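Let me begin by presenting the structure, written as structure tokens, before commenting on it.
Note that we place each Cβ from the backbone using ideal geometry, even for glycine, and neighbour counts take in every protein chain shown. Each value in this text was obtained by applying a stated rule to the coordinates, not by laboratory testing.
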Amino acid sequence: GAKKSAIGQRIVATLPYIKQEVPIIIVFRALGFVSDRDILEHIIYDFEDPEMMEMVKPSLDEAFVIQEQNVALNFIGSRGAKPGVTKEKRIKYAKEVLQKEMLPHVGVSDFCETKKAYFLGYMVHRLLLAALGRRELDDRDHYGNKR
Amino acid sequence: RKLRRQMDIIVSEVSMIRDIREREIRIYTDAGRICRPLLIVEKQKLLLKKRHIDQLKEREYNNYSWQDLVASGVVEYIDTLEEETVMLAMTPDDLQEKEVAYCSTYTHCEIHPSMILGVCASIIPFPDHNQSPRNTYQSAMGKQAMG
Amino acid sequence: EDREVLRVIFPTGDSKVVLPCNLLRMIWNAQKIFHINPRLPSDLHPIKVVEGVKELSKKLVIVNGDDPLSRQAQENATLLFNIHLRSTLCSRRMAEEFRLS
Amino acid sequence: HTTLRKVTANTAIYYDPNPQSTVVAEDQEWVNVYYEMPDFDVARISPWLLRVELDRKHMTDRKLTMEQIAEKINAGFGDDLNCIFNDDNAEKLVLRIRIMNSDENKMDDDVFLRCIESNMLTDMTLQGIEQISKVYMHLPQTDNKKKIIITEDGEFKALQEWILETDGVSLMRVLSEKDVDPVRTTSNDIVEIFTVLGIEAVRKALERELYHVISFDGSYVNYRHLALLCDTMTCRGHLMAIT
Amino acid sequence: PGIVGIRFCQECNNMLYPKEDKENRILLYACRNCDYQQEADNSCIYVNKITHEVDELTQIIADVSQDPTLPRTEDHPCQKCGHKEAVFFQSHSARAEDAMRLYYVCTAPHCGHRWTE
Amino acid sequence: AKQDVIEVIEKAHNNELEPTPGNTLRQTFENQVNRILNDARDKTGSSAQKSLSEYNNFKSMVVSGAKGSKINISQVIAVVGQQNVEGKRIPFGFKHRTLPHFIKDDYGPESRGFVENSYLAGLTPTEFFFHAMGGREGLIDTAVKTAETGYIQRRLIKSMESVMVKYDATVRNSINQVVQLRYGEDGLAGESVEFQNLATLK
Amino acid sequence: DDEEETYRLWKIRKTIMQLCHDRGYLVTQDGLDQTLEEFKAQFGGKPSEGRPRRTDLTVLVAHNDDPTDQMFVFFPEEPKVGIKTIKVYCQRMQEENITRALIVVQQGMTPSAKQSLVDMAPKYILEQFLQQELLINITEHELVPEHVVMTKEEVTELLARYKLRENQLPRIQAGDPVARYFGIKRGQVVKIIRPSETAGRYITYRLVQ
Ligand SMILES: [Zn+2]
Ligand SMILES: [Zn+2]
């Protein structure tokens, strides 16, 4: 297509208790990082490597239209299990999603929005290494992955 | 590693993994991991000396047993995904100088190679002399034997 | 004419075919039952080898009919067998190799 | 099938205000050579430059000519695109590209110019036939693939000749091309034999495939039983799956 | 040519975007959320390496010299300090094209020199 | 053999190995090592089959085809040879090494699964494990293929079940529609035919 | 280039002259075998800016039994054809009194034209051939057995011998590349003569439905 060809590869997260996919940079702004320098500071630990930089760039242009935290939570809450009648019912709903059902092993309570920021940026960081090919795809049967 | 071999702060069950190329370090206290004991090798010598074996030989009425062997740092439990960072020696034979050095770094020695076999495959005499499906069939027919 | 048909039906010249009766065995069986001496000259007339296969090939009937559509459809069904059966029973091979009485 | 990405070393988009600027060191030589007598620039020259590199290895491997690529790019996209290239003398083989001159006479430019690249690298189709991934060349040692001719003595003489074997199939265009043998060319895929050569060719090409999987092991199943299965399938007039 | 890289605005710290000055014909970068503009020094924008001949000596970490599981030879001495131990390994990289080339990492503390033969 | 594999391995470290056309350098290396090791186990097999006396009982069961094949004698006396998983030499389950004992990036014959011991002298510990990995692929196939070959056997029957040779000798399915004018095109039952040479051809 | 497009116009013309010969239309032996240079002499090399314009390539061949029947092979110059273009051709067939004719399309027919061909069954029949489907004669492939279209006299005598109804034969659908080649219409029966490795020859009959 005309858009698919120009953009390149876009990254998306599929969250628990959300009907369909959500773009990634929307998920970082939902966690309280407004600027793209802070968002890309959690995902890419060294800015002198442009190869990663070019990988993320098309995922900023898809999230370019929502620049604000409370706009972003509303972007998520629209897709929840049921759409909230009132807006602030959705923002209250999406924030309860990021607090509890989002990566609960990091933390469940309040200021964990920072603790969830690095590690969630680390999923997005390690998904790049397998896209660039600097690491091996994990093995489904490797018996160290089993409990 | 030194605190686990003295069992001070860290139970022998906790596994710890230094992955160099990706720069991570991982410490898993989680339940369900599967780990088997190995002898430890410092420099080219086993940490199992003769004085340890003389005390175990007399184990009756010494109140001296496996736990007192593990607590001396001679044996170590190593689960799977920590076997990726280890060099094992089949027997103490591989530790001696062969004049052509395959590896000089062996960090753990296995107790005996034939402990890789389960309970029903441990009854077969000379299992290494048989075609491989024939140790699998005996595993099936060893459970059906009248006794 | 049959050697030109075979090279059309069998390119790559694979000569191994599957046919109803074994000719080389039965020619070989009729040497032993009748005690034929191959060192000796044969008594078998070279015409009665020819007139006997022609009269044989009419008595092998896959398709029964008098129609020009039935005739043409037998000559095709027995084609590769009559070709084989005229190779081994040839009037020369009977005089030289087999020496049938 | 050779896409332009097969022969491409690297790609960069540059911003040139005027061609004689040549922010690159080397291009300035032959850039001026073409602009000593510049043609079809009458409208204006778009500033946004697309400069691609072509590995001489893959270029000489497929016997590709810079003039040949220049034609296919200019022909594929038309006059909306201008293309300029080196002589083989250049140790670094370069192909310059710019937006339409008369376009100066939405989509922006740098965006629209990157949209051209990601369309070219995949879609150019310099050579060959799309859907043909690879083609292997070897001399067959099996008497089935060996051309076997009746000599003047009537003997069978098995000849060794080079045969090609493709990964992926489009049968109708492969047959049509020159020097390719119309008669003996065949594919293993049935449906593309059905749509091209008919239902009779499927009746035969199916019993040639079934006889290959059955007799590959060395096993032997009679020809009568192969021919009935291929008769039951194709006797309705079209391919009848067993489903 | 260069593999280029990002630039960030100095006010809202967003991604600057390249754009063309039509009057002066000078490449600019402009954040889209403010009026901040900056002149392009590099003059290259989007660069893509398809042949992607990649230098692994940049990715290799000097800490690799501490792994027991890697082989080492005293055949190849260190190029810098002339140390005999060198711990060598292959690409260890997916999408490496075809490379069995060994990369060498010098042992002994803090040298970390990394060469290829 | 294991010395000719070390040269092929050393040639590839220095890049001196040139790829065969149509083959990745990994594909040309995995071929040259299989060309050597197969000749090894093909030579030691035929060197073991020359040594068997006329009174040998293996040779008695093999020569008459009663049971066993010439390749079972090779593995008993001589060498068991390469062990394969999914048609490829043993893969890397750990990171860049096959078992904890081997060093990362060992492509040598021992690390990748070649067993140089015969069932009689007995397999060494690791060769026992790789030999177990190559045998699991045999057990799995036998469990999987039977359920596919039985679902195909049922489909071929239900589609053809009613086709029959009518008294016209025309083969006709259940509707009277004509599958063939004569059965098998020659009209002959398949049990009484034999192989023959034409002898006019060629 | 124009050497390829001159070579393509050499196959298409040659392969069609084999259709007309195999359907039983009178075709001179010289027109069947043309060396490219002899073809390049008659129709003159490069089509583009050249004497062959893709028109005047038209072929008029008369049937063997009836000199009146004939047929046309039309080459449209357009990449795609449309009802306004065919209506030009049909107006020409009306002009010269024939019925049957062929159309060789470069790329494809507009979906509105395909039905327009069917729109006239009795008066005029027209057949769509893609420019590729004629680039090779599929009759000469090894997989395709010799096909022979059968007269009505022979189909009656056939179905009486085996005592068959028409619908008990195998079928070959009218959309089959070897049905188009021989210009076969629903209800005709074709005779497949193919060599076999058991019988040595075998004759299959396909109905066309
Ligand atoms: Zn800004
Ligand atoms: Zn050093």
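Tabulated results
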quantity: Quarter of the Cα convex hull surface for the protein assembly as shown, i.e. its orientation-mean projected area (nm²); calculated: 70.4 nm²
quantity: Efficiency of FRET from Cβ geometry, D:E192 and G:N97, R₀ 51 Å, rounded to 0.05; calculated: 0.80
quantity: Peptide ranges G:119-127, B:78-86 listed from the most packed, as the mean C-beta count within 10 angstrom indicates; calculated: B:78-86, G:119-127
quantity: D_trans [Stokes-Einstein, Kirkwood Rh over alpha-carbon pairs] for the stretch E:49-117, 37 °C, 0.692 mPa s, µm² s⁻¹; calculated: 260 µm²/s
quantity: With Cα atoms, 0 to 90° folded angle of helix F:2-13 axis to chain F main axis; calculated: 80 degrees
quantity: Inter-chain shielding of F:155-165 (mean C-beta neighbours from other protein chains, 10 Å cut-off); calculated: 2
quantity: Cβ neighbours within 10 Å from other chains - mean over E:37-49; calculated: 5
quantity: Calculated FRET value between D:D103 and D:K178, using beta carbons and R₀ = 51 Å, to 0.05; calculated: 0.85
quantity: Angle in degrees between helix G:152-161 and the longest Cα principal axis of chain G, rounded to the nearest 10; calculated: 30 degrees
quantity: The stretch F:146-201 and the stretch E:45-117: distance between their alpha carbon centers, rounded to Å; calculated: 66 Å
quantity: Angle between chain G longest axis and helix G:2-22 axis [Cα atoms, degrees, rounded to 10]; calculated: 30 degrees
quantity: The stretch E:1-48 shape via C-alpha gyration tensor axes, a/c threshold 1.5; calculated: oblate
quantity: The stretch D:1-80: GluC sites (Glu not before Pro) in DSSP coil with no more than 13 other Cβ atoms inside 10 Å; calculated: D:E26
quantity: Approximate spin-label separation G:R186-C:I33, in nm, with each point projected 7 Å along Cα-to-Cβ; calculated: 6.1 nm
quantity: Residues of the stretch B:126-142 with amide N under 16 Å of a point placed 7 Å along Cα→Cβ from B:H112; calculated: B:126-128
quantity: Residue-wise HN-Hα coupling along the stretch A:78-94, computed from phi with Karplus coefficients 6.51, -1.76, 1.60 (Hz; x: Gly, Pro); calculated: 4, 9, x, 3, 9, x, x, 4, 8, 3, 4, 6, 6, 4, 5, 7, 5
quantity: FRET efficiency, 1/(1 + (r/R0)^6) with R0 56 Å, evaluated for B:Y137 and D:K147 via beta carbons; calculated: 0.65
quantity: Those residues of the stretch B:101-124 whose amide nitrogen sits under 17 Å from the label point placed on B:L56, 7 Å along Cα→Cβ; calculated: B:108-116
quantity: Contact order relative to length of the stretch G:1-136, as percent, for alpha carbon pairs under 8 angstrom and 6 or more apart; calculated: 22 percent
quantity: Candidate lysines for bridging to G:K123, where Cα separation is under 23 Å - those fewer than 8 sequence places away on the same chain excluded; calculated: G:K84, G:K87, G:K114, G:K152, G:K185
quantity: Other protein chain Cβ atoms within 10 Å, averaged over every residue that makes up D:128-135; calculated: 0
quantity: Under 5 Å, built H, 5+ apart or other chain: amide partners of D:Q127; calculated: D:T2
quantity: Extension gain from F:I140 to F:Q153, taking 0.36 nm per residue of separation minus the Cα-Cα distance; calculated: 2.6 nm
quantity: Set of the stretch G:181-209 residues, backbone N closer than 18 Å to the point 7 Å along the Cα-Cβ line of G:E157; calculated: G:189-193, G:203-206
quantity: Considering only the stretch G:137-209, percent of DSSP beta bridges that pair antiparallel, nearest 5; calculated: 85 percent
quantity: Cα→Cβ-extended label distance, 7 Å offset, between D:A158 and D:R62, nm; calculated: 3.6 nm
quantity: Chain A, relative contact order [Cα under 8 Å, separation at least 6], %; calculated: 25 percent
quantity: Share antiparallel - DSSP beta bridges, chain G, percent rounded to 5; calculated: 50 percent
quantity: Distance between modelled label sites at G:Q115 and B:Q144, nm, 7 Å Cα→Cβ extension; calculated: 7.0 nm
